[PDB]
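Just dropping in an experimental structure and the matching sequence.
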Amino acid sequence: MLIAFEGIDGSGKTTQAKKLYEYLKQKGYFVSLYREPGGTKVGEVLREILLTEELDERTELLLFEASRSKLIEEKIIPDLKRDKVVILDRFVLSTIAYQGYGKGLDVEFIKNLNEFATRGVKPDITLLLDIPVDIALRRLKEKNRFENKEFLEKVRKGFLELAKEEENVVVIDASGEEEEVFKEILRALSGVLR
Amino acid sequence: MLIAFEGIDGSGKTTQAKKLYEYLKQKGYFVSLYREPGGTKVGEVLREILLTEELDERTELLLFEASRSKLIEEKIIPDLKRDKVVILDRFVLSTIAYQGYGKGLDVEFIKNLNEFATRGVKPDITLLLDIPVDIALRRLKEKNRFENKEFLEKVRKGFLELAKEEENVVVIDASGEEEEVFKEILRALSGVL
């Protein structure tokens, strides 16, 4: 089965994805955890490019999608075939929210590109870790990271739109404390898991 | 203006494109010559990846297009704005022929992806350097290069298919010698220069 975390920077996706990883492992599921971009050797070099270079939004989109494609074919599809629980730190909604609602590219094109990269593989559940931008920024600030408030407001709105429009998306209040947010995730998953 | 060379490996694309580059620089055009993938800093690192790694066809297409996207935005578009002649060794038809007709991805999807990567920038003329695979192989074989005849036969058919339906594609009999092929390309280019 496939569980996708989605959300803005500073929403705690990496921390909560790791928590979910360790928790399901101990309950006896076989589980993988991958981040996007990255999660494969080729994906990780592309992650370095995406993090360091000055890329236009179109080239940036195609590289995100190339990383995803590599991950889907190299790991996710085989993992899923062997009944692993696959947990993603970011997936197809983030691409639409960032490149579409944020950077202005066409949403329907992004979805078609998403479908191509994924071979139609969709999550069993998508966890949207929703958080206000100022609170997300204040947390990032604690690690000396500064992201763009104007950009992230559009991205956040994108996410909440997509959670209405798209299938199997649960909105998690990610402004809470680490444990309370995890508990809320577990409840949203109980209608698909253990 | 934008001049694109297309065709299978062994058709002499690079040789002809360099000849065209040298010729037009002599006759007083400001010209650019780029290869795909490549031609920008980022696009050359993606070329390295494409030339080394074991890649599925979907990842490969997406990386070809990312290189193209970079080259288009960084260089082709500005170059064209200042009336440079941009010559390309491989372009959008090669992606369709290779990834679509060759490896079986959807041709219509590839077209749309090309359209996105290029911002709708189309060549003024496309020179398809058509050659039989046997002859392309015979020529490649004398550089210690070996390519798949089965694969390349499909890709040739694809290229010729595209020449019939797509706009501004002149089919150049690239089976000839270097100078007679270049003479044919110049004939084809008189109707735009």
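Noted; the coordinates are in hand. Numbering: from 1, shown residues only, chains lettered A, B, ... in the order given.

Could you give the number of residues near residue A:9?
Here the number of neighbours of residue A:9 (other CB atoms under 10 Å in any protein chain shown) works out to 18. Just so you know, the C-beta spots here come from the backbone N, C-alpha and C atoms, and that holds for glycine as well.

my read: it touches residue A:139, true?
No. In terms of CB atoms under 8 Å, residue A:9 does not count as a neighbour of residue A:139; the distance is 9.2 Å.

Spit out the contact partners of the residue sitting furthest away from the middle of chain A.
Distance from the centre of chain A peaks at residue A:28, with 24.0 Å (CA atoms, centre = their mean). By CB atoms under 8 Å, 6 or more residues apart in numbering or on different chains, the contact set of residue A:28 is empty.

what about it, which SS state?
Here residue A:28 is recorded as coil under DSSP: H, G, I helix; E, B strand; the rest coil.

What's the separation between it and residue A:83?
12 Å (CB to CB, to the nearest Å).

what does residue A:161 give?
Taking CB to CB, one finds residue A:161 at 33 Å from residue A:83.

which of those two has more neighbours?
residue A:161 (16 against 9).

Residue A:96 is in contact with the more buried one, correct?
No. Using CB under 8 Å, residue A:161 makes no contact with residue A:96, being 9.2 Å away.

which residue ranges form the strands in chain A?
Per DSSP state E, chain A carries strands over the ranges A:2-6, A:31-35, A:85-89, A:125-130, A:169-173.

Point out the most buried one among those strands.
strand A:2-6 (a mean of 25; mean count of other CB atoms under 10 Å in any protein chain shown).

That strand pairs with which strands, parallel or anti?
As defined by DSSP bridges, the strand partners of strand A:2-6 come to strand A:85-89 (parallel), strand A:125-130 (parallel).

right, so of these, which gets closest to residue A:49?
Judged by CB to CB, the one of those that comes nearest to residue A:49 is strand A:85-89, at 18.6 Å.

how big is the angle separating that closest one from strand A:31-35?
Interaxial angle, strand A:85-89 versus strand A:31-35 (axes from the mean of the first three to the mean of the last three CA atoms, to 10 degrees): 20 degrees.

contacts for strand A:85-89?
So strand A:85-89 is contacted by A:1-5, A:13-14, A:17, A:20-21, A:24, A:29-36, A:76, A:79-80, A:123 (CB under 8 Å, 6+ apart).

do you know how far residue A:140 is from residue B:84?
From residue A:140 to residue B:84 the distance is 43 Å (CB to CB).

Please name the nearest non-neighbouring residue to residue A:139.
residue A:10 (4.5 Å; CB to CB, 6 or more residues apart in numbering or on different chains).
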